[PDB]
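Just one chain follows, in the form deposited without ligand AKG, and it is written as structure tokens.
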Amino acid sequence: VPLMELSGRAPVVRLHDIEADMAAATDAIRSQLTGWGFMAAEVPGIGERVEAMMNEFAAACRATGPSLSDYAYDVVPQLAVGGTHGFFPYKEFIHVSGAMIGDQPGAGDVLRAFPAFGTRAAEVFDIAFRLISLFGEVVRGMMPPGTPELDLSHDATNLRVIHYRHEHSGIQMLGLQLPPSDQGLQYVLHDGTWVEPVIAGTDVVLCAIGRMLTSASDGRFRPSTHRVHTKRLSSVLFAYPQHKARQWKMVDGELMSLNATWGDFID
């Protein structure tokens, strides 16, 4: 599989000028989606933060004292309506939702128990959520006039961090892949050929179309199907709208509100 270099080629988006750099990068981002099926930006400083976070997750996964499995999803308080956050033991991974970061109560205890990791995760979540919200404003701008705002939900969005680890797409609106520890993640182009973005140990983030946005755009943007081939840590933000909010579609240029909710889409 061919390597796809993105350092020095994707638009630069600085941590302290995110909104204005993403405005400048709009046309480049639109042409990536048009021409590749996924999106990319280089965020100087992000890799340093993500590496520290992943390395602290790996140390936490080996904690014999307060253990991460003390915060397995089935012993963590969950929202009545929403996804499942917390730790998923063994390949082993954690879902840090925006609700968790706001302690929505006891749900935040895994971050009090592992606060070095938890502080990085909250920081990376905040950066990733601002980026991914602006990626969604770009995609909205490519859709017909009268397309609603994506209304990504802080609380319903989660950051996944994976320790030990087939072609697939996310079910959510957008995914933002953060620089992994190792190469192996691969994306398919519009012509069915696979590329391996060069992202391990970089500052490059990849933004993926998920199936909710494929549906909301009525198939205009295919999901950014991807896979992982190995020769290990990784994190990705999964952005969701409010589960109880009403589905919509832009069908043939015209806005349709459906009865089904975004929660129903997941089920």
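Residue numbers here begin at 1 and follow the sequence given.
One more form of this protein exists, namely the form solved in complex with ligand AKG; it is left out here, but the text below deals with it.
Participant: Should this chain be marked open or blocked when ligand AKG, placed as in the entry with it bound by superposing the nearby C-alphas, has its atoms checked against backbone and C-beta atoms at 2.4 Å, with 3 or more hits meaning blocked?
Facilitator: Output flag = open.
Participant: With the cut-off set at 4.5 Å between non-hydrogen atoms, does residue 49 touch ligand AKG in the entry with it bound?
Facilitator: Judged by the heavy-atom cut-off of 4.5 Å, residue 49 is well away from ligand AKG in the entry with it bound.
Participant: Should residue 238 be classed as touching ligand AKG in the entry with it bound when contacts are defined as heavy atoms within 4.5 Å?
Facilitator: Although ligand AKG is absent here, residue 238 would touch it in the entry with it bound, with heavy atoms inside 4.5 Å.
Participant: Looking in the entry with it bound, any heavy atom of residue 185 within 4.5 Å of ligand AKG?
Facilitator: Heavy-atom contact with ligand AKG at 4.5 Å: present for residue 185.
Participant: Indicate whether residue 190 is a 4.5 Å heavy atom neighbour of ligand AKG in the entry with it bound.
Facilitator: The answer is no: residue 190 has no heavy atom within 4.5 Å of ligand AKG.
Participant: Of the listed stretches (134-142, 174-182, 150-158, 113-121), which one has a non-hydrogen atom within 4.5 Å of ligand AKG in the entry with it bound?
Facilitator: In the other structure, the partner sits against 174-182.
Participant: Among 127, 76, 162, 101, which has at least one heavy atom within 4.5 Å of ligand AKG in the entry with it bound?
Facilitator: After the contact test, the surviving option is 162.
Participant: Within 4.5 Å, heavy atoms only, which of 58, 33, 40, 228 is in contact with ligand AKG in the entry with it bound?
Facilitator: When ligand AKG is considered in the entry with it bound, the option within 4.5 Å is 228.
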